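Asker:
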């Protein structure tokens, strides 16, 4: 799986994380380990780390 869906809204608090809305679709190439994964929003075009407990497969 390389495309995920946001289950909850999240608002960035730093330069390295990514704000997204529930239902946004996110390309995540490495979901192997970590509580934070690098994501690219297909829905909006922005990029950054997201909390792994906030997404589902898409």
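Numbering (the entry's author numbering), first residue to last: 83 to 140.
Idealized CB from N, CA, C, for every residue including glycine.
Compare the C-alpha of residue 117 against each of 93, 136, 83 and name the closest.
Answerer: Checked all of 93, 136, 83; the closest Cα to residue 117 is 136.
Asker: What does the alpha-carbon distance come out to for the pair residue 111 and residue 130?
Answerer: So the two alpha carbons sit approximately 12 Å from each other.
Asker: Quick check on DSSP: helix, strand or coil for residue 136?
Answerer: Helix at residue 136.
Asker: Quick one: residues in its chain with C-beta nearer than 6 Å to the C-beta of residue 92, no 5 flanking neighbours on either side, listed in chain order?
Answerer: 102, 136, listed in sequence order.
Asker: When DSSP labels each residue in this structure, what does residue 83 get in the three-state scheme?
Answerer: Coil, per DSSP.
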